Structures are given as structure tokens and as C-alpha cells.
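Enquirer: Sharing a structure with you now.
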Amino acid sequence: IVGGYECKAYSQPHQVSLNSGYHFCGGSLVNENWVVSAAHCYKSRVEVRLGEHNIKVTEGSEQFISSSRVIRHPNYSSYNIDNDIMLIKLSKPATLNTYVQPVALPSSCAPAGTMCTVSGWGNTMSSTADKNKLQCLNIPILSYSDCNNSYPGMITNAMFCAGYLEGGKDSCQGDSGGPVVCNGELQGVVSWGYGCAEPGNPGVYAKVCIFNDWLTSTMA
Ligand SMILES: [Ca+2]
């Protein structure tokens, strides 16, 4: 997260870290057994780390649970990062407490201009911002035209841009798979972008509101 601030510890209880030796992606807990992430973060097996704030220091609030299933959306297209959503089933259920809680799925698609929150342990591109401590950033959903203007012909129905065209505030690699929460619902998943926080290149996110049927049926 570039241009954001350190989240208040455990203020994003649904946020998880995907780890197979080191942190490589984020994810969002949606119930005691499942995590929603980005399909480009796919790995056959991964350890999901919940209840984290500082991913380098053991705090006593964490739960490390290995995945039992990692399911990418069947229509995921890697060359254009389309339908970049994935479900991770925990081998054992997570204990819901003050540090670990699920985030609700969207009841509808949020309109452009809706202010949301994106978080993660990705690069901050700052000498004073510690990416090891969960970072938070408020970003507005951008219009389809601003999105397509930024990435001509590359925006699909499963995508939406959010952030600032002027640059300075955006998600980055490391945040991939992470949550974009708007009004208490998971509207997006950190997906892609050119560079990080670069003017004219806002973040692109997987639009969760169009995958409700696949998500619920898969977890059913
Ligand atoms: Ca920790």
C-alpha cells in the first residue's frame, strides 16, 4: 500500500496473509472455512495466516492454517488477468474472535465514487512506512471510462478501477489478493495495475459483485 497509513491493529479482521516461506499475497476470510483471494495468487498449497498485524513478529493473535483446496475461477484468464478471483479452503476452521472475523460478500455492485478501504502488506515505496505492519488506504471507485482511458481496451466486466488518477495513493504487488471493502462489504480483490501509485495508472480490482453465484455455490 502506497500513500496509506498503518491500520489500527485488527481493524480489518478478515485480512489474511498467504505464506509459503514468505508473504506473497493477501486474502479475505468470508467464513470459518473459506478465504477469497486473487486467482493470479494461485499456489497448489499455501499456509493462510490470520489474525496478523505485523507479519514478521509473533503477536499471539495469529492462527496459521494450511489450505486443503485452492480453487481459481474456471474462467480465469492470465494474459489479461481477467476473472482474477479464487477461493481457498482452510484444512481446519478458523476460530472467530477479536482478531479473526469474516467479511460479508456484496449485496450489489458499488457505484463509481463509493469510498472504500484497501489494505495489505505490499510495498509502501516509503522509507518510513513499514510494510510489515498492515497498511490501510481509502480509495474511491473510479468510473469505467476513467478506467478504460487509463488502460484502453483492457477493462472487462469483471474489473473496476479504484484510486487516484493523480497518483500517490494505490495498492501494489504484495497487496494482490487483498480486500477492497466498501460499506462493510468485499467489493474488490487487489488484482493489477501498471507500476504502483503512478499518475494515470490507478489500481485495477476483481469485481466481486459479479461472482456471487460462483462463490456461494463453490462454498456450499
Ligand atoms: Ca504477527
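Scheme for the C-alpha cells: letters A, B, ... for chains in order shown; per-chain residue numbers from 1; ligand numbers from 1 in order shown.
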How would you write, as a count of residues only, the set of residues in stretch 107-175 of chain A that DSSP gives as strand (DSSP E)?
Expert: 16
Enquirer: Can I get the residues close to ligand 1 as a list in words, where close means within 10 Å and we count only C-alpha atoms and all ligand atoms?
Expert: residues 49, 50, 51, 52, 53, 54, 55, 56, 57, 58, 59, 60, 61, 62, 63, 132, 133 and 134 of chain A
Enquirer: Any idea what's packed within 12 Å of residue A:131, counting only C-alpha atoms, ignoring anything in its chain fewer than 2 positions away? Could you give it as a PDB file with C-alpha atoms, in the first residue's frame?
Expert:
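Dumped everything to around_39.pdb:
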ATOM      1  CA  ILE A   1       0.000   0.000   0.000  1.00  0.00           C
ATOM      2  CA  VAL A   2       1.481   3.313  -1.155  1.00  0.00           C
ATOM      3  CA  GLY A   3       0.334   6.603   0.369  1.00  0.00           C
ATOM      4  CA  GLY A   4      -1.723   4.932   3.077  1.00  0.00           C
ATOM      5  CA  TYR A   5      -1.418   4.631   6.853  1.00  0.00           C
ATOM      6  CA  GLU A   6      -0.831   1.818   9.353  1.00  0.00           C
ATOM      7  CA  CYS A   7      -4.231   0.245  10.053  1.00  0.00           C
ATOM      8  CA  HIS A  23       4.295 -13.363   2.418  1.00  0.00           C
ATOM      9  CA  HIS A  53      -0.932  -7.135  12.110  1.00  0.00           C
ATOM     10  CA  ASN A  54       2.862  -7.325  11.942  1.00  0.00           C
ATOM     11  CA  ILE A  55       3.711 -10.316   9.725  1.00  0.00           C
ATOM     12  CA  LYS A  56       7.305 -10.500  10.959  1.00  0.00           C
ATOM     13  CA  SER A 119      -5.271  -2.995   2.863  1.00  0.00           C
ATOM     14  CA  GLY A 120      -2.214  -5.226   2.695  1.00  0.00           C
ATOM     15  CA  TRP A 121       1.456  -5.859   3.416  1.00  0.00           C
ATOM     16  CA  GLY A 122       2.645  -4.938  -0.073  1.00  0.00           C
ATOM     17  CA  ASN A 123       5.336  -2.358  -0.829  1.00  0.00           C
ATOM     18  CA  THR A 124       4.755   1.137   0.567  1.00  0.00           C
ATOM     19  CA  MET A 125       7.565   2.626  -1.531  1.00  0.00           C
ATOM     20  CA  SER A 126       8.453   4.711   1.534  1.00  0.00           C
ATOM     21  CA  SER A 127      11.459   4.815   3.865  1.00  0.00           C
ATOM     22  CA  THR A 128       9.226   5.470   6.876  1.00  0.00           C
ATOM     23  CA  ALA A 129       6.208   3.251   6.179  1.00  0.00           C
ATOM     24  CA  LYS A 133       2.607  -3.688   9.655  1.00  0.00           C
ATOM     25  CA  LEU A 134      -0.766  -3.881   7.873  1.00  0.00           C
ATOM     26  CA  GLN A 135      -1.341  -0.718   5.847  1.00  0.00           C
ATOM     27  CA  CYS A 136      -4.707   0.913   5.124  1.00  0.00           C
ATOM     28  CA  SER A 171      -2.172  -0.771  -3.790  1.00  0.00           C
ATOM     29  CA  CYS A 172       0.918  -2.590  -5.091  1.00  0.00           C
ATOM     30  CA  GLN A 173       2.455  -6.039  -5.548  1.00  0.00           C
ATOM     31  CA  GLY A 174       2.298  -7.806  -2.206  1.00  0.00           C
ATOM     32  CA  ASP A 175      -1.218  -6.472  -1.703  1.00  0.00           C
TER      33      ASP A 175
END
Enquirer: Determine, counting only C-alpha atoms, which protein, DNA and RNA residues have an atom within 9 Å of an atom of stretch 98-113 of chain A; residues of the same chain fewer than 6 positions away are not included. Present the result as JSON, numbers by chain.
Expert: {"A": [9, 10, 11, 12, 13, 14, 15, 16, 28, 29, 30, 31, 32, 34, 35, 50, 51, 52, 61, 62, 63, 140, 141, 142, 143, 144, 162, 181, 182, 184, 185, 186, 187, 207, 208, 209, 210, 212]}
Enquirer: Do a neighbour search on residue A:83 at 8 Å with only C-alpha atoms, toss out local chain neighbours closer than 2 positions, and write the hits as a list in words.
Expert: residues 39, 73, 75, 76, 77, 81, 85, 158, 159 and 206 of chain A
Enquirer: Keeping N, CA and C atoms, export the residues of the selection given above as a PDB file, in the first residue's frame.
Expert:
ATOM      1  N   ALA A  39      -6.913 -14.988  -8.276  1.00  0.00           N
ATOM      2  CA  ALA A  39      -6.505 -16.194  -8.983  1.00  0.00           C
ATOM      3  C   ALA A  39      -5.033 -16.147  -9.399  1.00  0.00           C
ATOM      4  N   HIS A  73     -11.104 -19.298 -10.331  1.00  0.00           N
ATOM      5  CA  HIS A  73     -12.348 -19.230 -11.078  1.00  0.00           C
ATOM      6  C   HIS A  73     -12.080 -19.945 -12.399  1.00  0.00           C
ATOM      7  N   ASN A  75     -13.036 -19.415 -15.326  1.00  0.00           N
ATOM      8  CA  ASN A  75     -12.838 -18.536 -16.474  1.00  0.00           C
ATOM      9  C   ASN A  75     -11.642 -17.596 -16.306  1.00  0.00           C
ATOM     10  N   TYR A  76     -10.794 -17.862 -15.315  1.00  0.00           N
ATOM     11  CA  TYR A  76      -9.620 -17.020 -15.098  1.00  0.00           C
ATOM     12  C   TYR A  76      -8.763 -17.024 -16.363  1.00  0.00           C
ATOM     13  N   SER A  77      -8.362 -15.837 -16.806  1.00  0.00           N
ATOM     14  CA  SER A  77      -7.529 -15.676 -17.999  1.00  0.00           C
ATOM     15  C   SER A  77      -6.282 -14.907 -17.563  1.00  0.00           C
ATOM     16  N   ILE A  81      -5.341 -10.985 -17.014  1.00  0.00           N
ATOM     17  CA  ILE A  81      -5.743 -11.010 -15.609  1.00  0.00           C
ATOM     18  C   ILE A  81      -7.252 -10.809 -15.460  1.00  0.00           C
ATOM     19  N   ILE A  85     -10.174 -14.053  -9.527  1.00  0.00           N
ATOM     20  CA  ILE A  85     -10.701 -14.345  -8.207  1.00  0.00           C
ATOM     21  C   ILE A  85     -10.474 -15.822  -7.919  1.00  0.00           C
ATOM     22  N   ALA A 158     -15.461  -7.998 -15.323  1.00  0.00           N
ATOM     23  CA  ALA A 158     -15.023  -8.497 -14.023  1.00  0.00           C
ATOM     24  C   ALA A 158     -14.003  -7.595 -13.344  1.00  0.00           C
ATOM     25  N   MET A 159     -13.845  -6.382 -13.860  1.00  0.00           N
ATOM     26  CA  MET A 159     -12.876  -5.450 -13.300  1.00  0.00           C
ATOM     27  C   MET A 159     -13.436  -4.072 -13.000  1.00  0.00           C
ATOM     28  N   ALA A 206     -10.592  -7.031  -9.007  1.00  0.00           N
ATOM     29  CA  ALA A 206     -11.570  -8.013  -9.458  1.00  0.00           C
ATOM     30  C   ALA A 206     -12.890  -7.591  -8.830  1.00  0.00           C
TER      31      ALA A 206
END
Enquirer: As JSON, numbers by chain, please: every residue in chain A that DSSP puts in helix (DSSP H, G or I).
Expert: {"A": [39, 40, 41, 144, 145, 146, 147, 148, 149, 150, 208, 209, 210, 212, 213, 214, 215, 216, 217, 218, 219]}
Enquirer: Could you name the residues that touch residue A:191 at 6 Å or less, counting only C-alpha atoms, but leaving out those on the same chain fewer than 6 positions away, as a list in words?
Expert: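 Counting only C-alpha atoms, the residues come to residues 176, 204, 205 and 206 of chain A.
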Enquirer: Mind dumping the selected residues with N, CA, C and O atoms as a short mmCIF file (atom, residue, chain, number, x, y, z; two decimals), in the first residue's frame?
Expert:
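Contents of the output file selection_34.cif:
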data_model
loop_
_atom_site.label_atom_id
_atom_site.label_comp_id
_atom_site.auth_asym_id
_atom_site.auth_seq_id
_atom_site.Cartn_x
_atom_site.Cartn_y
_atom_site.Cartn_z
N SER A 176 -1.72 -7.84 -3.65
CA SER A 176 -2.52 -8.70 -4.52
C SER A 176 -3.30 -9.76 -3.75
O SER A 176 -2.76 -10.41 -2.85
N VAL A 204 -6.36 -1.75 -10.41
CA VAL A 204 -7.47 -2.47 -11.01
C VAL A 204 -7.82 -3.61 -10.06
O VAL A 204 -6.94 -4.28 -9.52
N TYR A 205 -9.12 -3.82 -9.85
CA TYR A 205 -9.57 -4.84 -8.91
C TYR A 205 -10.61 -5.79 -9.48
O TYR A 205 -11.42 -5.41 -10.33
N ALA A 206 -10.59 -7.03 -9.01
CA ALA A 206 -11.57 -8.01 -9.46
C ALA A 206 -12.89 -7.59 -8.83
O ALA A 206 -12.95 -7.33 -7.63
#
Enquirer: For atom CA of residue A:118 and atom CA of residue A:42, determine how far apart the two atoms are, in Å to one decimal place.
Expert: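 These two atoms are separated by 20.2 Å.
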Enquirer: Under the rule that only C-alpha atoms are counted, which of A:137, A:82, A:194, A:93 is the nearest residue to residue A:160?
Expert: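 Closest to residue A:160 of all the choices is A:82.
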Enquirer: Can you tell me how far atom CA of residue A:167 sits from atom CA of residue A:86, in Å to one decimal?
Expert: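 Between atom CA of residue A:167 and atom CA of residue A:86 the gap is 28.1 Å.
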Enquirer: What does the distance between atom CA of residue A:180 and atom CA of residue A:70 come to in Å, to one decimal place?
Expert: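 So the two atoms, atom CA of residue A:180 and atom CA of residue A:70, lie 20.6 Å apart.
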Enquirer: Find, counting only C-alpha atoms, the residue in A:21, A:203, A:188, A:74 that gets nearest to residue A:166.
Expert: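 Under the stated criterion, the closest residue is A:203.
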Enquirer: When you look at residue A:20 with a cut-off of 9 Å (counting only C-alpha atoms), what residues show up, excluding the ones that are within fewer than 6 positions of it in the same chain? I need them as a list in words.
Expert: residues 45, 46, 47 and 48 of chain A
Enquirer: Under the rule that only C-alpha atoms are counted, which of A:147, A:96, A:36, A:155 is the nearest residue to residue A:18?
Expert: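 The answer is A:36, which sits nearest to residue A:18.
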